[PDB]
């Protein structure tokens, strides 16, 4: 099923959650998403979609999650290259820079700063060639494509712009498409009411790429339906 899961808030309110997944499915199955923003000169970790200050330094949290056994880090703030440069020597784990960029000149800055992968979505659908550009420039493994899907008229449809726009593109075709383009991994998110396991079971046979399940589970109970 899913090869990896991402987590954020649930990891902050219980760091032992990271250890539990990692001891159960391997460290490589744990992706910790970290939202950060400068507060009083230093980078602080933020939870709940960046609305609540954790009171934890980005420096401390990055180090904490690795010792907890995290596999890689999804970092977010044309890229906050200063923050990426800050995080880079603090950990040896793979760093995925959360996108928003839609040009190669911005992608180059992320990898230059220290990122191992980038995560694209909306930019990928309107410009599928971007995937091939990053994959030929930095390798297939450096390209992570985030897909936000939802049930529409009995078919899984792809949604963009933070899940607000219906692209009219089928999830089946887009998954097949992105791997043709040269994507390395897929980050799957459902806008449908935990874990949409039906969607994951749908996407799974359609690709041999690693699938990263986006959730909101707070317990080991729900994190297992993903795998």
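Residue numbers count along the first chain shown, from 1.
Gap between residue 193 and residue 194: 4 to 9 deposited residues without coordinates. Counting the deposited residues that fall between residue 77 and residue 78 and carry no coordinates gives a value of 4 to 9. Relative to its counterpart among 151-159 and 106-114, 151-159 has the higher mean temperature factor, C-alpha atoms as listed in the PDB entry. A summary of the deposited B-factors shows that, of 65-73 and 166-174, the stretch with the larger mean C-alpha value is 166-174. Within the listed group 26, 184, 50, 55, the record reports its top CA B-factor for 50.
Of the candidates 97, 101, 90, 145, it is 101 whose Cα B-factor is highest according to the PDB record. Residue 3: CA B factor lies in the lowest third for its chain, per the PDB record. Residue 11: CA B factor lies in the middle third for its chain, per the PDB record. Among the modelled residues of the chain, residue 60 sits in the lowest third by CA temperature factor in this PDB entry. Residue 123: CA B factor in the highest third of modelled residues in this chain (values from the PDB entry).
In this PDB entry, the Cα temperature factor of residue 205 sits in the middle third of its chain's modelled residues.
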